[PDB]
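Data block below; observations after.
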There are 2 protein chains.
Amino acid sequence: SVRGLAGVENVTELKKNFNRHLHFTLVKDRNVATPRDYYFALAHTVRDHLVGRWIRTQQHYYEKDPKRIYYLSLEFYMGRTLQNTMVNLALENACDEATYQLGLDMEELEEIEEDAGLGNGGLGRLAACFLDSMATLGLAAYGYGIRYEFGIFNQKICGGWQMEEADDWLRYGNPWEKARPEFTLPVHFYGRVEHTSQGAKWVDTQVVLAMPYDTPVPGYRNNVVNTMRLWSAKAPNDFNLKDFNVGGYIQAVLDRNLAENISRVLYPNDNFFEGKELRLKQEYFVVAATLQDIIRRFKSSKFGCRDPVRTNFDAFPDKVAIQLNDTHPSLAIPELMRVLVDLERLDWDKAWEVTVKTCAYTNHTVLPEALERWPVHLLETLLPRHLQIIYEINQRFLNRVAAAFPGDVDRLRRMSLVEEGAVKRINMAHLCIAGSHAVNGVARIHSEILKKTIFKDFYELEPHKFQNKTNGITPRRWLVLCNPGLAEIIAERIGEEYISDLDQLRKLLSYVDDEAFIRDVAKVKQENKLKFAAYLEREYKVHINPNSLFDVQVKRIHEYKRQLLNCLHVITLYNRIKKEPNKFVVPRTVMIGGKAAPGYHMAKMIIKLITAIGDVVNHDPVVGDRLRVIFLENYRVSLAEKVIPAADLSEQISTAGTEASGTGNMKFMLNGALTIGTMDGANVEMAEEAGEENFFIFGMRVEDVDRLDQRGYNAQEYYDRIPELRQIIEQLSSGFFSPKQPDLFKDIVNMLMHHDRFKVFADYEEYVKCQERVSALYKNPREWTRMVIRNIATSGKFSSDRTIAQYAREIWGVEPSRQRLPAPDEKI
Amino acid sequence: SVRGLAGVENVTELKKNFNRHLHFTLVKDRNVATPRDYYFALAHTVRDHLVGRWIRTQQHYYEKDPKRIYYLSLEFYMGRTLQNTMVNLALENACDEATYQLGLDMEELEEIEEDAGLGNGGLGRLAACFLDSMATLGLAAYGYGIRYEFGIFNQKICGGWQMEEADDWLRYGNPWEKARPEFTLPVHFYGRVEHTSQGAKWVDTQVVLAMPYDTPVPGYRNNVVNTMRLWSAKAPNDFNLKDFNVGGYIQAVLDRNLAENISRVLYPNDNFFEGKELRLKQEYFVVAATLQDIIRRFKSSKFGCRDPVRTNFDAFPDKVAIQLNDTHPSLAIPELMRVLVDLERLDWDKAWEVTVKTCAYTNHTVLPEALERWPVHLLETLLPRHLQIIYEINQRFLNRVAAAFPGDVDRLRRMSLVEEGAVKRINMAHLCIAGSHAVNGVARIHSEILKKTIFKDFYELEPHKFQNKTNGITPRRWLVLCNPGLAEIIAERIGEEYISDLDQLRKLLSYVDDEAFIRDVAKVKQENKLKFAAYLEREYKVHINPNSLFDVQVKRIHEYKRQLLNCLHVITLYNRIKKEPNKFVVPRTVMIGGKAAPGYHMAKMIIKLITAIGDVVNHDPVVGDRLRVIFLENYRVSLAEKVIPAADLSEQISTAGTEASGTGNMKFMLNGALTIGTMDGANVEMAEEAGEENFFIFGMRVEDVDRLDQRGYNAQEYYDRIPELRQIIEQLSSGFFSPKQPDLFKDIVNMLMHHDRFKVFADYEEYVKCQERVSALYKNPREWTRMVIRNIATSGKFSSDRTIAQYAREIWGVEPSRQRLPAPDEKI
Ligand SMILES: O=P(O)(O)OC[C@H]1O[C@H](O)[C@H](O)[C@@H](O)[C@@H]1O
Ligand SMILES: O=P(O)(O)OC[C@H]1O[C@H](O)[C@H](O)[C@@H](O)[C@@H]1O
Ligand SMILES: *Cc1c(COP(=O)(O)O)cnc(C)c1O
Ligand SMILES: *Cc1c(COP(=O)(O)O)cnc(C)c1O
């Protein structure tokens, strides 16, 4: 496969270091070396191959002095690092022959690696895909976050319910990171502000130290390795013990855990806001340490050598660019204002110029409960200075508004960064639009929604700020790494230039009718389906049938994602088979997977429904092998990499206007699944790219949702209008699916009948008819595969290399470079 | 120097790996590599040289199946590991030429290493010296403890008072350890006992996991590298979160710190007992995990291959031997009883046979407040099973007593392992004598004290159990590593066989009168004094005079160590100079150093006295350079290694019968200091070995202390008997030394005048006269050095190689091997 040269010298070379590392780093003999010992030797042999490129790339940005880009996210949902690194360095074939010879099987050692689940879902993964594309496109970019000890929990289902367990991921070591203690910085919390003369001073503050740990980010086959820098919380040695602090010695040593708890656990809330003080602590700590290291790289770099004026921040938006991944590092904006004004002694208006030309914000959702609005009291306590700076910024901003919109009092109170009434709060998205030069949305429809509805006031004051940069996925991890079959049969016809130039994929349109190509595309899918059906019984159990249509919905459990509509379809299909059980039905394995947040009760109740329908469906002897309903336990990056290559049908069913982009959708179109969905997020651009006919769009447009809300959504109407729907709601209310526990789902019933914000019933007729059309196509294998070929040949636009190339050019002001740097190292 | 061959090939070899490690492990370039980066490359180049010997030594004990020895201590006061490892592998000269060439200076990189201060003082260091001698003497020994995150605090003096600061020692990594997760074991706490039929069951317990980390222990130049295995506390993933545990997700993830707090901080109490529950947790956790791994090595080893009978523990005292370093792992005794009876289903009496023949206990002190007596309530709660087993053991033991001593009711209650009245407690030393086959004391006088006074009842039932094994120090670290000058001028006359055969040192008696030898021995001391006087002003400041007598007392601050008597001598000497300031006085730099425990108030008040006398003395223009009084900040293993080579006079002044052995005394006699002291601990054996005349013994014998206690110690008598003493007590009461704060030392005064358990005043006349004799000798440099030569030629008996050879032979039943194993590794 397009997995590199498998030479003679290089297998000898790798066989030899895997062996030194077993002896020297693991200090073990062959006779007693553990599987994890084995994976650790190979993970160190592979990382010795990128060490010359990382040193060489970082010195070279120091020679060249490019405008550097800093992507700041409290989330980096990286997944495992070993295969991805061999892909990108073209080493996968030789690590596989070399381990083979040593008697090992590299795929069992890969599986021993633990996931970097430092992300929640969607925005988590996008930061990880961007990082890959920034290194590939040769950008001097840096990803910055929190090194969490505990990533997103691990989900266990027990009695049909989710069980969360500590993601203890650094338990056994991490070979991919490099700690850098010389770059440790202090983060101040609490204190007070004293106004002393040639400055407002932030005084008597608690200090918490930030320790960086660098991970390598290799670009695809180009000798560029950029850094992901993650900060850890560390208590200062002295102060936890010392002031005239009696409390007890052993307890003051043990209370240091309180200060180190800043980097301890990712908040597991996907698209939700919990105003926890510890969450505002994680947001200020990643920002404060990161701005310190930005300025260390600027003041030095070819500014500490030639240095004059009084060293100036005028050059700063031309040497630095920072990107805010949602509102979560919005503190960057008053923190850069604090440093420049309070510490560098800059003028307000000079420093506001520099901040806005440096900052840009990416809005990720439109769902109100996800929007961050912190209490002025939290800010008060924790960050005295930043609350003053936010009130001054507010102040001048709403004076630019008054001036442009005279007498329009309502507007002023609509634009206020501070929201009144009862628990005064600061709207962090208004802060980000104000202190930023570019606000973008992540799919052209979400970005219309913004300038039409939520930020229309902001757009009317400054239209010039509002952009769209449609999201993307990375062809490396999401095709070459998880589906090498498909990438080989594509490169066999059209070459390998496409993994770094994905619109090339359009050339597969000349083969849409090619008989050997139609047969390769379907085989690969049968093989990918056949591998995952096995793994399913080796790792868990049920027994699925690889000759079914694999119908999969995998994403976080939310009401707006409408996992309940796919559930209503599955009870409809079971009830149909039980009424006419001797008629042919195209058989299907329905897989639903995703994690609910701790205490999102409806979401946790929806996992209970899915496994309660599967207990019933999966043991009906009349249903036999026609319908299997499976919930996919502990869905993560490495699991998305096994089931997305085996999927036939992709459920993408949000109520229109709630899903800002989706990216799950793009991964499935790359890998050969057909999509069923609503005209929402990036599903609108995907269908436009594939052609509407090669797609299954159904249901309400964002237009119709609205027309229904103005009249008033009434579920009762659907219930007594459709008998198939009315039958399913009394099977739930009568205890058909919880037959010892009849009140069990009366909760799901009631919000459906009376409190549905997402209009599950209103799109049900249409979805069940559209799904009937899916199956009629599956019945004819040649036409299913030529539709599949027109979706795969058309996913070039959903590469993160286009997303990042558009970001670089119209927000960050830098040019991509496709070409090779000439690293690695030296035989000096 | 006797620091190995400095060849051509091997400097090239080391220069080359220091360079790969800089690139591959540190991932840095020369241009940006930090000093700590540098030390880390050299620490990895040195440890690559012992990796072939550790694998080879541990496989070879598995071939051979020797009786293994396990030394269990909650303390291992190792100090730094790099120089010690190069010494023992004969690499110090070549790491010094190779770094020289690379442009570095190995002594600045050595100083960047942090100390393993996993010990408190005395017993801490003895476990570290034993480990060295067990590897040298080719014993299949294993050192077992707790991997603390925080070792003993770091002591800062601020305003003359001690300040303790977190010993954050793993802050930057540890290159010397190796984690071994495959050997992780569970430790159960709390629960309850249910009596189910074919067993008492310990049920519904809290589990805490124990993670081992192995450190290499190289023997001196013999290719033997044994292991020190240290356990870490780790919360189980699931249970901290899971049961039907609402409390909150983020808090159940954060409360895992409670379970990991078992291995967090060393208790900083030197010879004191604090009944903290967390201390009993550290004692049960090191014991429970360690007994599990002992039995894993026994049941396997050449017992899982041939296996029959029902696998038997009859062989167990012949394949295993465990040593209890004080009462702190006494839990080993009912824990081995629990496992064999409750889990292996052994008969009581078979298992009591196996426990006693496996266990041996070393008593370290006679001071009552240091003795461990745990509340039956703590045991109750925490360890339900172990309290039943202790009551059954008690039970049968005091039935062997009744039987041997009919009607002697008082004795029974004197021997009870459970002490009555008001807070019932278990005497852990009685447990250790009972479940053990050998109880030894650590210096022949301390071991007489035992069988005469504290354990006379125990000795009368079982005299056969009571041993003496006088302590020792290790010639490698305490001469060759800290004083290479002295070791070179000795080996030049008498060869290098002595570093592994120290009684050879007796051959320096033929050179006592040798004129070049008398001049080498004094030069080396002037150079060692001259180096430390420099370091003193580079690292801190005062300015000392290298032509003074360096009078040093360095050990933990305790009342029984009589730091206050050396203070009374120094105020006497100042007052003498101020009265006749124009008479000649042999000038001296008095150095006192040591740490006080947190909240040992008298001890912390004694540091305040020392620095208050030094503020006064050190700025008297009449005193000039005649007396300098210095307190030595943060005294530890690496600091003992700089000041013991520069000392002329060694204060060893405990009130007789309190210091069980001392070892500080032996280090100073190896390094050329004369000793002043009382006839106490191992100072009695030292003077007998050097000859009484070559020594400065003074004061009360243990005989006289007693005769005084029977009459009743009255300080008032000394006070109005000696005017020099009466003058000093009113200078303290009048506020002479705290001249803004006169009541400051009225605390020290009052316990001296009214509550002194250690009879400071009673040995004052004699000490001041003996000290006058010290100075009269210093006045004549040839006779000082020939006395020094008769103490150095006579310290062969105070090697830990003799201590361990006596332990092996009359307690553990194994023979030492001086010879070479033939490791390292293979060019396979
Ligand atoms: O860009 P800096 O923060 O100054 O660090 C520069 C780089 O130095 C070396 O190459 C290290 O391998 C990198 O880990 C580090 O990223
Ligand atoms: O004696 P064991 O506990 O079974 O471990 C045996 C040894 O295996 C290898 O040589 C490792 O280097 C050692 O670290 C480990 O000590
Ligand atoms: C890509 C991905 C997502 C994003 O999924 P959507 O279906 O777009 O919400 C979420 N979780 C995981 C693990 C993914 O890989
Ligand atoms: C050897 C040593 C001790 C033992 O000292 P004594 O004077 O015998 O109490 C205590 N602390 C340190 C650091 C030592 O090296």
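What you see below is based on every heavy atom in this structure, not just the backbone, and it leaves out hydrogens, waters and symmetry mates. Chain identifiers are assigned alphabetically (A, B, ...) following the order of the sequence lines, protein sequences preceding nucleic acid strands; residue numbering begins at 1 within each chain.
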Is it true that atom OH of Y535(B) has more than 12 heavy atoms of other residues, nucleotides or ligands lying nearer than 6.0 Å?
yes
Residues in salt bridge (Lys or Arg N to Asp or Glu O under 4.0 Å) with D520(B), at least two apart?
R493(B), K523(B)
Residues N665(B) and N683(B): side-chain donor-acceptor under 3.5 angstrom:
yes
Taking the six-membered ring of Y213(B) as reference, does the NZ or CZ atom of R147(B) fall below 6.0 Å from its centre and within a 45° cone about the axis?
yes
Assess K529(B) against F550(B): is NZ or CZ under 6.0 Å from the centre of the six-membered ring, and within 45 degrees of the ring's axis?
yes
Will you find, in the side chains of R297(B) and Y70(B), an N or O donor that is under 3.5 Å from an N or O acceptor?
yes
Cation-pi check, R786(B) to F517(B): give yes when NZ or CZ is under 6.0 Å from the six-membered ring centre and within 45° of the ring axis, no otherwise.
no
If you measure from the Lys or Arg side-chain nitrogens to the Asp or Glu carboxylate oxygens, is any gap between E641(B) and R80(B) under 4.0 Å?
no
Under the salt bridge (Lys or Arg N to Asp or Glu O under 4.0 Å) rule, collect the residues that match up with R790(B), sequence neighbours excluded.
none
For the residue pair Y71(B) and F130(B), categorise the inter-ring angle as parallel (less than 30°), tilted (30 to 60°) or perpendicular (more than 60°).
perpendicular
Not counting sequence neighbours, list each pair that qualifies as a ring-ring contact (aromatic ring centres under 6.0 Å, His included) and has a residue in residues 488-509 of chain B.
none
When you compare the side chain of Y62(B) with that of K302(B), does any pair of heavy atoms fall below 4.5 Å?
yes
Residues at least two apart in sequence or cross-chain that pass salt bridge (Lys or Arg N to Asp or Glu O under 4.0 Å) with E539(B), listed by chain then number, are none
Side chains of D65(B) and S301(B) only: does a donor on one sit below 3.5 Å from an acceptor on the other?
yes
Among all residues two or more places apart in sequence or in another chain, which pass the salt bridge (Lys or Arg N to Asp or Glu O under 4.0 Å) test with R519(B)?
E515(B)
Face-on cation placement of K667(B) at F798(B) ring, 6.0 Å and 45° thresholds
no
Partners meeting ring-ring contact (aromatic ring centres under 6.0 Å, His included) with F18(B) (sequence neighbours left out)
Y38(B)
State yes or no: are the ring centers of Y172(B) and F40(B) separated by less than 6.0 Å?
no
Do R68(B) and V320(B) have side-chain heavy atoms sitting under 4.5 Å apart?
no
Identify the residue among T136(B), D501(B), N222(B) that makes a side-chain hydrogen bond (donor to acceptor under 3.5 Å, both in side chains) with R818(B).
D501(B)
